[PDB]
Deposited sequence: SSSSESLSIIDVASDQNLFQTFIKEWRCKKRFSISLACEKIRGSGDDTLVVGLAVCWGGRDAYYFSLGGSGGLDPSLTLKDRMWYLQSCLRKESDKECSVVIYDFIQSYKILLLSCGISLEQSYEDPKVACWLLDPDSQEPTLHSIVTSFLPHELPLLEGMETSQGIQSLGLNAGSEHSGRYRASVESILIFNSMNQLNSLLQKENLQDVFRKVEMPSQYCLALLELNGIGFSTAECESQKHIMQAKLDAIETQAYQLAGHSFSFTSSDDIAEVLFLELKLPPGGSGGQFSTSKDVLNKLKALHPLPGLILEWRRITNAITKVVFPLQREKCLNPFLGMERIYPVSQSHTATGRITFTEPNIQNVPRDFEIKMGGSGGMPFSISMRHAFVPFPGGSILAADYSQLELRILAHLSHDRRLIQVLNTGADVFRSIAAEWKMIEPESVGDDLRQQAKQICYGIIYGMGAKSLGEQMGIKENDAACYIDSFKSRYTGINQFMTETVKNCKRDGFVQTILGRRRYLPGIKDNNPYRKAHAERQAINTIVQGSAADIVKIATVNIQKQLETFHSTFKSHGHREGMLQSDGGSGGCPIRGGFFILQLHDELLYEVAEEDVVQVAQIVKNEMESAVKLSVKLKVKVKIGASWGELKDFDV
């Protein structure tokens, strides 16, 4: 009763006994064995109980030649795909990557109900460290840790069998993993039921992982010439900014040096020094009204960020898609977050700057709009669809607090953020530009989620006591919100956690800390996690339900990764392809024929993802790029 690896493809009789038993199993685990040569799948291990790992070789030599590779590929797809009336669950460590490797390297599209123990670990504690196979075995199967004691890829985030960079055979890594993750996932399912989170796991979180796998196979379209065009414009503005700045300072300085900037502004120019000599964005936002140089430093930092942190990473990661005839970006989704919202890495498409303006040329300069999102384009002939939850966290705060004033501002009032800048600056709400509106937006959510008066004063260019009047006024105006905050802190001090709309718990032991810094931090986390975490739940429910509806149409492809395998073994592009998620907004790449059908499916499924005491307002915008979106009435 140790690791028994059964090489099922070594004897044709043993293989048909294996296929027979496999087709009876309602639950099993698989672990892809991948080696270098490379995304070479040399086989997979299946486990449906105990310490038996049935290794299905997809390569060798000791295999029965009567089992051709194409024969073995037929049985592999037959056992990994459903008949749509039989419920069958597959346990897969790192399901997203395995799903993509199976499709792209083996031509097999998984068609069952999936369970990733990594996702289960996050669901039970969202602040836990990102799980590794070692951590899951250390936690749940500590007796089995010797099996991995030799394995050193175990403490990595990547699946054991998927880690081709290992001196161990893929057969042994996959076999070990299949047994460990099968029994671990059984423990994790008992914990999910104990916490009443298994329906969230099976109906929301795992299907959410399925949608992100389609997104990662799709990628997002990217125009290299559009991005290169903006870099030249920006770099010319940067050269002019540096020239004008050095004339104002009377000498050359380093924009990247906080000391040179502090010396010029305060030591030389004698600008109000404000514990001081700080070159922060808050300090320069106030000083830019007195002298032009602070504003030039802010513009220099904005453009340098766009060039060094956006332009070059995007052109670094662009890949050619020969089937669509375009370049695309393929980011990696990340769902192990504190509040359950999805982010992206390599590169982080969510960080693409909003549109900004640069004046160039003589005589005050003519305006030019830098829209880096305009570089993200659909496939030739398609459109980008952008449906957005209007004021999601504010409507969730209204549903949970029943604050009649907030509900009134949402249903009838004008834009809150523009009205905040108006009362702040004593100006018209229409005169508020996007930069000022963004300042008022952070002021809004900052005050709501517990910002102090010292920081609010540094953000508003006023002193701490005048900012305290703004905070005190908000509490006076919005007592329903303030009582929801008092009640949330109280219930978190009693329970040790807070809950989202779906029941997910975030544990905040600092709520009972005596140090006032740690206590207040947990108190603000408690209020924010409930709202932001519930917003993340709703967007996930909508993403899953939209994908379920798009696949009811036979013309639809699951992803570009699927269709480009069906072109390799006469497919006009159809349907909408999930390309990006923006915390309260979903982007889709849709064919022109189905631009209206997908737009109606997206809006209706978003507006009815959950039922709240406040309606979920959704606005759909379609355009020829992420940056050139126009309203679409749907």
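Chemist: Please report every deposited-sequence interval that has no C-alpha in the structure, sorted by position.
Modeler: In sequence order, the gaps with no modelled C-alpha are 1 to 4, 42 to 46, 69, 285 to 287, 583 to 587.
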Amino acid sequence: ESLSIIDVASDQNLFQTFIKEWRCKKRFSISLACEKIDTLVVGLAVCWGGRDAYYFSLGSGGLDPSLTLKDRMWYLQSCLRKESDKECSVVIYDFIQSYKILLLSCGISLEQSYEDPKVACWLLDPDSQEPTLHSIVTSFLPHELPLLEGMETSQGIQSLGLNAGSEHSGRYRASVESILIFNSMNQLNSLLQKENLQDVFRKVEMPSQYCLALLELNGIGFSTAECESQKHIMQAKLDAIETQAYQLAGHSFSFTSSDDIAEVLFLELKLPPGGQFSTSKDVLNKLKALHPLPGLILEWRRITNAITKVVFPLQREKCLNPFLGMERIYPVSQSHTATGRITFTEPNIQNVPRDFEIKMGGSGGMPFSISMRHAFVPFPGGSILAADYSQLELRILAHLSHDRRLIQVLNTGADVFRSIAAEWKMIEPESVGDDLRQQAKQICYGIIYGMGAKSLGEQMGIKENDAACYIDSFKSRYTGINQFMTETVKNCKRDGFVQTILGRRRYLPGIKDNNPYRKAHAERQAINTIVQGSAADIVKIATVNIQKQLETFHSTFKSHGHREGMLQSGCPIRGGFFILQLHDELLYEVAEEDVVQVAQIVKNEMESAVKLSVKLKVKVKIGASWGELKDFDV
From here on, numbers count along this sequence of modelled residues.
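Chemist: If you average the CA temperature factors as listed in the entry, which stretch comes out higher, 446 to 454 or 139 to 147?
Modeler: Higher mean C-alpha B-factor in the PDB entry: 139 to 147.
Chemist: Would 61 to 69 or 26 to 34 have the larger average of its C-alpha temperature factors, as given in the entry?
Modeler: Higher mean C-alpha B-factor in the PDB entry: 61 to 69.
Chemist: Please work out which residue in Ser84, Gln438, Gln187, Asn545 has the highest C-alpha B-factor recorded for this crystal structure.
Modeler: Answer, based on the entry's C-alpha B-factors: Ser84.
Chemist: Which one of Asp239, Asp259, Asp199, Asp127 shows the biggest C-alpha B-factor in the PDB entry?
Modeler: The record points to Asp259.
Chemist: Per the entry's values, where does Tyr210 land by CA temperature factor relative to the rest of its chain, in the lowest, middle or highest third?
Modeler: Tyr210: CA B-factor falls in the lowest third of its chain.
Chemist: Hey, what third does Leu400 fall into on Cα B-factor, ranked over its chain?
Modeler: CA B-factor rank for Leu400: middle third.
Chemist: Within this chain's modelled residues, let me know which third the CA B factor of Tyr517 belongs to: lowest, middle or highest.
Modeler: It falls in the top third of the chain.
Chemist: Using only modelled residues of the chain, where does the Cα B factor of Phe368 rank: lowest third, middle third or highest third?
Modeler: Top third by C-alpha B-factor.
Chemist: What third of its chain, lowest, middle or highest, does the C-alpha temperature factor of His583 fall into?
Modeler: Lowest third.
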